[PDB]
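Chemist: Got a sequence here, can you model it:
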Amino acid sequence: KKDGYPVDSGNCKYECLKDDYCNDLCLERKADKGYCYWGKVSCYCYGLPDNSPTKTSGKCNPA
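Modeler: Numbers count the residues shown, from 1 in each chain. Below you will find the coordinate block:
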């Protein structure tokens, strides 16, 4: 497992506004804990699956 920005199949890291939205959405992502790294970024989990597809080196391209 590992921390990072959980991205859906499109490679889009879920965003957030508070820290509880990240911790929750994070638990669903299989992460133990997670907050919302604002700084113009998105949520942040801690415990995502190894293969857990997270922001790699591209942009959230729909389709």
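Chemist: For stretch 54-62, which outside residues touch it?
Modeler: 2, 4, 5, 6, 7, 10, 11, 12, 13, 48 (Cβ atoms under 8 Å, 6 or more residues apart in numbering). For the C-beta atoms, the positions are set from N, CA and C on the backbone; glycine is no exception.
Chemist: Sort out for me which of the residues you listed are in strands.
Modeler: 2, 4, 48 (DSSP state E).
Chemist: Of the residues you listed, which is the most crowded?
Modeler: residue 48 (23 neighbours; other Cβ atoms under 10 Å).
Chemist: Isn't it up against residue 30?
Modeler: Yes - with contact defined as Cβ atoms under 8 Å, residue 48 reaches residue 30; the gap is 6.1 Å.
Chemist: shared neighbours, the two?
Modeler: In contact with both residue 48 and residue 30: residue 1, using Cβ under 8 Å, 6+ apart.
Chemist: Among the contacts of stretch 54-62, which one has the most neighbours?
Modeler: residue 6 (26 neighbours).
Chemist: Just give the closest residue to that residue, not the sequence neighbours.
Modeler: Spatial nearest neighbour of residue 6, excluding adjacent residues (Cβ to Cβ, 6 or more residues apart in numbering): residue 29 at 4.4 Å.
Chemist: same question, residue 34
Modeler: residue 26 (3.0 Å).
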